[PDB]
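One-letter residues, chain by chain:
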Amino acid sequence: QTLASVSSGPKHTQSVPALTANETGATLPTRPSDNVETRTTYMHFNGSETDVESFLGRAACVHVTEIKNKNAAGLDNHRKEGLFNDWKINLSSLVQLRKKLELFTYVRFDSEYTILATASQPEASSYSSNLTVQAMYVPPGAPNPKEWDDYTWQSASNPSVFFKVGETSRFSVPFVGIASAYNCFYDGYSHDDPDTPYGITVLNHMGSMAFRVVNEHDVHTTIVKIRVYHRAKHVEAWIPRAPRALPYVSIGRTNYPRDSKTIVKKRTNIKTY
Amino acid sequence: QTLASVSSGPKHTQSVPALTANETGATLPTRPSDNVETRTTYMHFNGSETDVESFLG
Amino acid sequence: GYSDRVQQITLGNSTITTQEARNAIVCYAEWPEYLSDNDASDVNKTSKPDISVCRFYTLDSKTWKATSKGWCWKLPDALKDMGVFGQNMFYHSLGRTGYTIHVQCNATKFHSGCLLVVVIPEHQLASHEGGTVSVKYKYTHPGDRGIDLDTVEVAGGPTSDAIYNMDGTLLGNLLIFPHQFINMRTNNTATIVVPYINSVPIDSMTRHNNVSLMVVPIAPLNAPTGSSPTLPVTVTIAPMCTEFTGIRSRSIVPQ
Amino acid sequence: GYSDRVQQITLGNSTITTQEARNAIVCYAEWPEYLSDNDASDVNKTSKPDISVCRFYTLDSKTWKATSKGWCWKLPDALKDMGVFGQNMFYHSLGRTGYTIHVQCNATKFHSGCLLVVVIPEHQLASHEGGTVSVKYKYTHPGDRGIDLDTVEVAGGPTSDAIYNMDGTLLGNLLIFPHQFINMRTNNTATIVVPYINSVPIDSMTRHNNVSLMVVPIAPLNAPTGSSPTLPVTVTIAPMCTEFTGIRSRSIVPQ
Amino acid sequence: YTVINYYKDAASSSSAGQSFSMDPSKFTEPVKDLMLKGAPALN
Amino acid sequence: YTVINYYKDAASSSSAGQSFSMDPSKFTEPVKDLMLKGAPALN
Amino acid sequence: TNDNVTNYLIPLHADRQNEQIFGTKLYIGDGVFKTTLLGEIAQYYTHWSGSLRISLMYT
Amino acid sequence: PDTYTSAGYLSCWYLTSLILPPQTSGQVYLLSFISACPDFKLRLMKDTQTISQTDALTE
Ligand SMILES: [Ca+2]
């Protein structure tokens, strides 16, 4: 038992806790017993669910993509045809999690990736194909796939997972930052150039993931949609910031819509209840 | 903690580690403190991922 | 006999005094200190010019008008032409420092107005255009002048929205960052001690600003009848525990 | 196994090497050291930039022709545009330092010639005109270029007399000053370590040169038949134990 | 309850426990001179 | 962390640990007479 | 245009003064270092850190 | 090669100049070597760009 409130009686002192000076920049821990006669009560509470481990410890969808399985004969752009796809791992494309991460400035953690692959056959097909997807972790510098069945899929040194459509794949990934933490924000540039981008840093690089169906082609086309979920484990977060108020518009940019002008709800009278 | 670099100051010696003879076929382990004033830093690293077990594992 | 209101800060060959202070904030309860061996990566020896760079430099004054929106300075950018500090800042590949920021605004027991003086680590600005457009280097590198929020916006520059903190967040929540107020009826000044905050031990002082000091009028300035409708705002800043490394030829930056 | 001939000097982020040395001279048998409290007058704190200024700076090369008379450099003048050293040299009212002077001249076992490399404390130059005419400031402040003794004399400049040491004394007696020779058949280089020598603890680095490095061909350069009739002469210099004080705005000098 | 790690890498393990070392002060009272609730904020 | 072998054959087991007995010398200084950094490579 | 033993030879000229002998960026995974043993093995990894050794042998 | 993570430049110049003896002429060459110091570290293993193929090989 920790006390939520203590028994407190009347006052008539020179010690006035009700008065302070917010000019100082401080917020003194006043308690109701500083301005009211109180009774003893117990916290009966530890605050587990608000620990940052908790707060960022659940899987959230961070990306949805699509691939296909057709007959690649005569097709000159496998990527455009949808025979394989990429994903430049980033956690700011889907907004639900992005607002959570951004509550802090620097963030360090391990990742638990769960990949779901569901299939659909939108047009006339005799049966539903049982496909196998390959997910390849392509670190910057490794050769990029160009065709759905390149030498690249050999993946001799790049980690890859093979799993069935309808199933799910799960693996953990260590904190892969080149610095001591990930930058939720970065008020800088890659080099002092007049035209180089701002904010986006390799200091947030987590990689690129490549996807494909390992099977050949049937008579029909099968559409595979991939959903990537991320869960943060072994979390560390520094420097809390102001919540995001305006809509997001772009990945890795604090840019906000210019026609968004009413985030705060309005009344008519400051006196109404 | 293993040291990545030690603190090292100015020099004026007869001991010249900057000069060698590659004709011998050897590569002597010179360190930046042989040609620059350095500060102490730690490896903070063991080299697990480069073990051949890893490399071909 | 001593007060929380009268204070003296002596740093190098400069001494500042205030008789109307409201304590002072030491960001995240941490005082500046040099880089330790445990935290160090770069094998090079760091240069510590001391008292030649760790002294108070006073920025060009601002004018608080009754319609003023606010001002923004980016560090270490704002001090890049300040004596031996600026020099060192452009001869080394890397540097590290903390500061003592002293914001000044005196008035009259007849005036009323309130300034919010805040230090924001990693203040990534939003662009005038929005979309995927970035804020051009020169716009986040104004030097001593800083960013005057009631200036007309240009293509590729930041927004001029104090209400949105120029980043898509709301003004009222700016209180989560180390801040202090300058309430004329009370205050005269605001002092904030800033330690080095970064995800890397040392960094490039030109391609990255670690913080941006923001002075924002919240309560409009209201001068007495017949008094001058404006008040100047002065910002004095002193680098503390400065270290430099990767010395070479002068860094070449855009402009 | 070690030799008096092969040597390495590491100062900051610069390392020099020689395989054909002839020991080295430590002026008046004294190694540089900082200013002590017992000797100090000025109450101010001294700035010690260390490894950022105490590193080797290489001056623009000279060309030893068979008719060459000699060259003269004045310190700290010759290093006034050298990185962070020059900067510090013009922001402080006073400074103090010692140096490591390294003069280089390699050749061929077929060449013959001899250079006298000497350091002269307080080398007060004589004027071209004589009489009561003084040598104009700009002529004793040539910077990196130094004074080339086989250049035509101008009004208000120094004499170009190597035989008279430019001061009314004879060349042969220049050996009373810390010196070293560069005898091709033997030598390759000359190294001289110079402590701070002055009648005042600290001084102004711009209105007073404490020493002047002089490189004077004594034995004419004689190259082998069919060989190039010239050889370059390079001078590398490193300030050691540098201290600065009286920091302020940038010193304003003539030109 | 019981848990034994089945994998070699530390990343593989499940969630870390509750920090129990909360301290709102770095954020709520980062003042240089200590202020005591009840005494004059400014003297 | 824990591991018990479920199979009889040694081949069945997982990866061997880190060697921790690195020695670049056999490759970097296979010289007969010892050379000391700082002393004349050839005398 | 073609690989040849002369790629390993840095030319030096007599009686040249103040001149530049060579220049290169420090991209160990690219440029001149890409084919070397260090650059060759560095390219099997994503990150690198450490000090480098450059020796110049006079012939 | 990434801009934020660049390592700087490397260059060579004559401090004096090369001097050849009588009865000697032409160019002289320098051999340069690269290796890592004990300082070195490499992480995050991946596939190289220094080898590929269009078809599987056969005997
Ligand atoms: Ca069927």
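A few points on the structure.

Each value, and the rule that gives it
Residues numbered from 1 in each chain as written, not as in the entry; some residues may be left out. Chains lettered and ligands numbered in written order. Part of a larger assembly, values for the part shown. Heavy atoms only, no water. Pairing = 2+ DSSP bridges. Helix = DSSP H or I, 4+ residues; strand = E, 2+ residues; numbered from the N terminus. Core = buried A, V, L, I, M, F, W, Y, C linked by side-chain atoms within 4.5 Å. Buried < 20%, exposed > 50% of the residue type's maximum accessible area, 1.4 Å probe, protein only. Contact = heavy atoms within 4.5 Å. Patch = residues over 30% accessible without salt bridge, like charges linked within 9 Å, V, L, I, M, F, W, Y side chains within 5 Å. Areas by Shrake-Rupley, 256 points an atom, 1.4 Å probe, with all protein chains shown as cover. Salt bridge = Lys/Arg side-chain N within 4 Å of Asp/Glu carboxyl O. Buried area = accessible area lost by both parts, 1.4 Å probe. Polar contact = N/O pair within 3.5 Å; in protein donor to acceptor, adjacent residues only side chain to side chain.

Brief notes about the sheet that holds strand β8 (residues 112-121) of chain C
Residue and element names in this part refer to chain C. Read across the sheet, five strands follow the order β9-β6-β12-β8-β10 without closing on themselves; strand pairing throughout is antiparallel. Unpaired on one side and paired on the other, β9 (147-148) and β10 (179-183) mark the two borders of the sheet. Two strands pair when backbone bridges link them, and β8 and β10 are joined in this way by five bridges, in the antiparallel orientation. In the sheet register, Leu 115 faces β10, and the bridge partner there is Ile 182.

A few points about the pairing of strand β12 (residues 211-222) of chain D
All names here are of chain D. With five bridges joining them, strand β6 (residues 71-75) and β12 adopt antiparallel strand pairing. Residue pairing across strands places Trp 71 opposite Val 215, the latter belonging to β12. The pairing of strand β8 (residues 112-121) with β12 spans nine bridges and is antiparallel. Pairing of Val 119 across the sheet is with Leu 213, part of β12.

Focus: the nonpolar core
Formed by 66 residues in total, the largest nonpolar core has its most connected members in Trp 64, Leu 79, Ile 101, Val 103, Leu 213 and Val 215 of chain C. Taken together, the elements giving at least two residues each to this core come down to β6 (71-75), α1 (83-89), β7 (92-104), β8, β10, β11 (189-194), β12 (211-222) and β13 (231-247) of chain C. Here this core gets seven residues from one element, more than from any other, and that element is β8 of chain C. When residues no more than four places from it in sequence are discounted, the contact partners of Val 215 of chain C are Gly 70, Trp 71, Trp 73, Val 103, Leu 115, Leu 116, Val 117 and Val 233 of chain C. If you look at the next biggest cluster of nonpolar residues, it comprises 41 residues, including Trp 71, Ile 101, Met 205 and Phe 244 of chain D.

Focus: a nonpolar patch on the surface
A contiguous nonpolar surface patch, about 270 Å² in accessible area, is contributed by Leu 3, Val 6 and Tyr 42 of chain A. In this fold, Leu 3 of chain A is placed in strand β1 (residues 3-5).

Brief notes about the interface of chain A and chain C
Of the residues lining the interface, 47 residues belong to chain A; the matching set on chain C comes to 54 residues. For the pair chain A and chain C, the summed buried surface comes to about 4,100 Å²; carbon and sulfur atoms form 51% of the total. Looking at the side of chain A facing chain C, the largest losses of area belong to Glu 23, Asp 187 and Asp 192 of chain A, adding up to 19% of the total buried there. Run the count over chain A and chain C and you get four salt bridges.

A word on the environment of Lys 37 of chain E
Structurally, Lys 37 of chain E is set in the segment after α1 (25-28). On the accessibility criterion, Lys 37 of chain E (34% relative accessible area) is partly exposed. Contacts of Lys 37 of chain E, omitting those with residues within four sequence positions, involve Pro 17, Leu 28, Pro 29, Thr 30, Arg 31 and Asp 34 of chain A. There is a polar contact of 2.9 Å between the side chain of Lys 37 of chain E and the side chain of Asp 34 of chain A.

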